[PDB]
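Read the single chain below, which is given as structure tokens and is the form deposited in one PDB entry.
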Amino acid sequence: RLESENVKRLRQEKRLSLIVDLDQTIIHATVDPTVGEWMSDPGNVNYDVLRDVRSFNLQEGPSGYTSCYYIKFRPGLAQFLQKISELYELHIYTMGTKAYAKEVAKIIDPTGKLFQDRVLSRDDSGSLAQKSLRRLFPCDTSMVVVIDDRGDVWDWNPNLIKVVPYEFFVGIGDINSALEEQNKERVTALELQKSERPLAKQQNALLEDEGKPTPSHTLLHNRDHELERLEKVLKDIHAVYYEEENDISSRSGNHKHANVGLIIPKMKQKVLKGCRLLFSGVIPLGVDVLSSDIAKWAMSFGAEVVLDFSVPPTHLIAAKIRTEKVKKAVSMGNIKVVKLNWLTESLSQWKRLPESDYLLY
């Protein structure tokens, strides 16, 4: 009764549901103790961009291994969640532990107003590898949208809006990327990040180089504007859904409704429609091309993927290597040989970029 009732409640509130991933989507976390050092020194070159960083401690594992996690909020997060919460009922669904999720929630939702108890972690999601809409909406996913920096954990679900991974702490990826005892590998990874101090090593390297650009000698920067773009995409999805929902329901007395799983692909398919892609040296010889992540991501944006020249492709995505495919493409004509960057960047910006800026040879 709760589920079906929820759908009715949301449509009455004129809202949709939004599932939010944490790491590299709305925050970036690291346990490199270098952060605490830089934050305690107003004269440090990284001090200013770390002013809004927040931290907390967690004891993980049977041995009670403790770590101080430093969390950076993606630029404009507060306003983003504020505005989007008026259009979407927020959910947190992370691969981090329940304790991790709760600590992050206390910091981005102190009052508990945005998300509430609508937090999902690897402790209760039901899977340590993939995420599923069915864990939250078993029978009806027509109103749930997802924002995550990874498409593979969602099996490139049509309801997903892949976001550009947020990397504030340069060089640090996702700290939450057999079983329990084998997870001694988590302690091992956290320990290694603490001892290597990747941030300090990189900062030292930038300072040791006798280049020229002064600000480029500073490791950390605030240059991200991904949430502004995302806000526009989510507001658009919301409008289209309720616009069609009104027409769809009125014409069928509520028997039929709108479906974000149909709306989102529609929008995406316009970006690379007309493109037929041939990859060269981008996918391992041991990986099925058409089922690879890059292929599914490109295809979700209207791109067609081919395996040869039998039907000459519009683009040749080359690994910056000089191979027979590159040669063959050039000797031919009308192929645009471009770096992988052209594709990933175009896909990330929901806009087909100028091939002119990504040539190889």
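C-alpha atoms forming the largest set that superposes within 1.5 Å between two forms make up the rigid core. Each residue number is its position in the shown sequence, starting from 1.
Keep in mind that the form deposited in another entry is not shown, yet the notes after this line are about it.
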ask   = Which residue moves between the shown form and the other one, judged by a Cα shift of 2 Å or more on the rigid core: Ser132, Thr97, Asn222, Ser249?
value = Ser249
message = Quick one: with a 3 Å or larger change, is the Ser252 to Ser17 CA distance smaller or larger in the other form? Answer closer or farther.
response = closer
task = Note whether the distance between the C-alpha atoms of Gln12 and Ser252 decreases (closer) or increases (farther) in the other form, against the displayed form; the change is 3 Å or more.
result = closer
